[PDB]
Amino acid sequence: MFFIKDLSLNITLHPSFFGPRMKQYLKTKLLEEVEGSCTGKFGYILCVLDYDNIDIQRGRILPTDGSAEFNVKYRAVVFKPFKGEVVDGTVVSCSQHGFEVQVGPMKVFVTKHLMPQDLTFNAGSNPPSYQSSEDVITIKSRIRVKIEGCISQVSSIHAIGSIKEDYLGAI
Amino acid sequence: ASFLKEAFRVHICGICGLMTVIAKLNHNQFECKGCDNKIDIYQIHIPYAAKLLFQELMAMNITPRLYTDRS
Amino acid sequence: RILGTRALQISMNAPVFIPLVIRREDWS
Amino acid sequence: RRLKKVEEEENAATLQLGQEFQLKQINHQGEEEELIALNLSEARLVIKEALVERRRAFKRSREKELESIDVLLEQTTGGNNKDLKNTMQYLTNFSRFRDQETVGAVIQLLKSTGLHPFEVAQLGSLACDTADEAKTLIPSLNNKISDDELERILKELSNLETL
Amino acid sequence: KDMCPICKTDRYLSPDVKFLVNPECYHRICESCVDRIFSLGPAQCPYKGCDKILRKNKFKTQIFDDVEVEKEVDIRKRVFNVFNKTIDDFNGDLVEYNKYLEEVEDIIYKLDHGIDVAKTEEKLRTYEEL
Ligand SMILES: [Zn+2]
Ligand SMILES: [Zn+2]
Ligand SMILES: [Zn+2]
């Protein structure tokens, strides 16, 4: 799910950037260190809103490092997954263990046990697929997945998906 | 005071101040089993003697909890 | 600490023009 | 006096989003504001509206959409933007409200119910035909909203769907 | 009697035990069994001789202490959701209204006892749209 979250960061600036345009460098650091990053506490951070209106407090010089620590408050759109949520995505990889669905910046794993009994794994077909008398699942196919669990690390997030329940599967 | 300061990096759980954060630095993973947390870790540069002192205190049933915030 | 702070900053390839304020109340 | 306490697991079915995604969040200004959950179409416009402003500042100082968003991304965003590229590409391929006016209608439509922000975002992001599909895909809706109201809301949502 | 036939959880050893039933087959089952079986998704009823699939979302709390009356009332509610008229619908013709009620009773009777399941359901479907 996508949220507009008010986040704060502690940036460090090397002494080589102490000039009239120091604020510009801090904005670049925020755009290069925040955007595209994954944080378990808040989830993926996609975009930073109000680029011009970023508030920067006075920097503090570290004793033995010489760099300045800047606390930057900004508004950014984030994607934090949750178990029990229903999301849509496209299958990107397949194997005996299970196929993976691309939900935004996250990859959902559908284990062989979680998928219905009817689905069977066949690798003779190129590419490999999960086939059921009704439908067939393969790369680039759109699948509706239910997140059954999420493990959020400080710098990474992984989740598992299930299509056992009704109204979940090929779209 | 800079001269006086002039070494060991340890990871401390944010809920409990103990240096019990199993840090898989290769995989960029941290965990404090018994606190079931992986997103509240901090690293502090303390002397190896200080780490020994805290570990010795933990051996005598003493809980020296190093916290990075003031209540 | 300003004298050592700027000395370290200069040693780290910092431009030379001491834009620092002592946070005793902040004073420049 | 803080130590381990029993914490409810973050589950969407129970609307327990955690500690940081609670209902009322104290923003940077310090004011109390409700959580802002966005559906796929609303998020796309918000991200799109921010990127154009970013490009505007830099310059001053459905298949076609996929290409246009990608070129804008590579122009207005720095490196390590592999995640944002997928998000914009995924948002355009799974959004049922392309027009800004349609998104505004959706927000006004679902805001009458008064449901939790997570629930309303799900109701506009998932294509649900029958009330049972919405009730089972979003267990939180169980007993929170009557079937008759849900059926007409879903019917009207499909009425304003485009493309 | 007072224990889940599947897990045999006696009420004495589990006072919090609460049983539930499903309209598809009306088989008593405790909440613990329901979660551990149907949380992932639909599955066959965990009873010996029952092979009718059911969903967790359809479980409810039995109202009456008689299973047969529980079944009959549910069928009556389903039938009355389609066959719903009043005396004013026939312009006060009590003979027609009484005949109409008798037909509805026969429809409910056939559905409950399965005398003619195929024909009766088709009649329900045909009248439902009309
Ligand atoms: Zn701990
Ligand atoms: Zn049981
Ligand atoms: Zn049964």
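We number each residue from 1, going along the chain as drawn.
Just so it is clear, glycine is given a Cβ too, placed from its N, Cα and C backbone atoms.
Sequence annotations record features per position, and here Swiss-Prot assigns zinc finger to B:13-35. The Zn(2+) binding site annotation in Swiss-Prot covers B:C13, B:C16, B:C32, B:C35.
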Cβ neighbours within 10 Å, counted over all protein chains: which one of the binding-site residues B:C13, B:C35 has the most?
B:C13
Applying a 10 Å Cβ distance cut-off over all chains shown, what neighbour count does B:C16 (Zn(2+) binding site) have?
21
CB contacts for B:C32 (Zn(2+) binding site) [other CB atoms within 10 A, all chains]:
23
